[PDB]
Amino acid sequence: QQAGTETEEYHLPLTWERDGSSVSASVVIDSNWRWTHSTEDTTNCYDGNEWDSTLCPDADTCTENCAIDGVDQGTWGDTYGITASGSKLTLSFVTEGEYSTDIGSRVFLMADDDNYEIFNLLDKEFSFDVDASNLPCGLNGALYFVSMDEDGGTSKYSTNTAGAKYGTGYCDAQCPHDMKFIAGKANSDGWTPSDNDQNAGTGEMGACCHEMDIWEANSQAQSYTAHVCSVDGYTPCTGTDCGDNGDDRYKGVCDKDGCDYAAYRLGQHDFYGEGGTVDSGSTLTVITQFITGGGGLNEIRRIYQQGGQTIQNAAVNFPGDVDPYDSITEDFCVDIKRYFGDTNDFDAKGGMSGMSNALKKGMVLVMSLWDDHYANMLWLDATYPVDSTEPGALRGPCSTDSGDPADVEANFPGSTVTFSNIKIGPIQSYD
């Protein structure tokens, strides 16, 4: 995409801590949330769930004709419901303005005006605080890393002159088709409006890359998940390479399921939740350690703190069936997927060693708040598939009838998440 010139871009300031030093940085909104308009007029190129066919009769013409504009200081709050102070960021769910309603948001951490911060997680400990108390069933306040390009794609894709400054270049291990710009071009060819999301659709291409989920959660359930792909960084896909949901799920370039560590799914139902060992009614500290040895990454450990108290990760609780693993390791991934009867695409795509190489190349930090128009967040917090009760189907305490976006957007529009005190540094000991 080209950048529009109606509104100077403002990145929302955010402080964090890197290797013992305070860093005065900022966040940027993902290009998918921006005003996309004619290069010569205020006419929208994209509105609602469809492109304007006069501006966008084909992808190349759309790319020539359309531009993504800036988000000014006031618009963060008034349109997207996003605020920051010090090292604290709050994202909102439903925000209604004079003219429009926004649902959720996705932001990236910047290094400077034109480049994302690049995290090299190997042999490091990454921590933050989160308040998930205002996230019901069907919501996800997420913090994660993806193998996006540092510059958002400007060096790779000459038609992307907007770049990381405008939040371009999102990819993840879902190979999403809902991206409006992929590979520097409008993804307008083959566009189909969503069945149930008035603001979204899908185009022919998807945007794939490795993904390390630190925190996918609401007040009822939480997980952390490693997803490896067989492709090198940001990779557009078409056709079966995208591994689309349904029949193609295991045929593409990325591992959609990932190797997940989700305490409730692992038989530890009282560990996290309202009044749990880790009480989701109160802010908590989430600590993640990327342990390496001669084989590269070999373990992803989790520690919590709450109220000053260290709380070790809850171990797998299927006595006699699965060993009491308490972290992501290769053996865990293999054994748990056998017990759950899940296809091990994680290993097919390179396993822990592939994941290690992905982390070595660096990742971009993402924070988001969303509902799930495909699967109602049931994979996170309910039973999924809804018609199974085999081990691994149960994910959390929420109903199989929960999480429809038309329910949650109407019944809990005021949902929010707050992330704070983001930090990276050497691996610490917790006794």
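In case it trips you up, residue 1 is the first one in the sequence shown, and so on.
- Once the C-alpha B-factors are averaged per stretch, 25-33 and 40-48 rank with 40-48 first.
- Look at the C-alpha B-factors of 60-68 and of 385-393. On average they run higher in 385-393.
- In the deposited coordinates, the residue among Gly295, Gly152, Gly206, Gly258 with the greatest CA B-factor is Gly295.
- The top Cα temperature factor in the record, among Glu216, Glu299, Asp270, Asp347, falls on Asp347.
- When the CA B factors of the chain's modelled residues are split into thirds, the value for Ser420 lands in the lowest one.
- When the CA B factors of the chain's modelled residues are split into thirds, the value for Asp335 lands in the middle one.
- Per-chain ranking of the deposited C-alpha B factor places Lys88 in the middle third.
- In this PDB entry, the Cα temperature factor of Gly141 sits in the bottom third of its chain's modelled residues, the lowest group.
- Per the PDB record, residue ranking by Cα B-factor puts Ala200 in the highest third of the chain.
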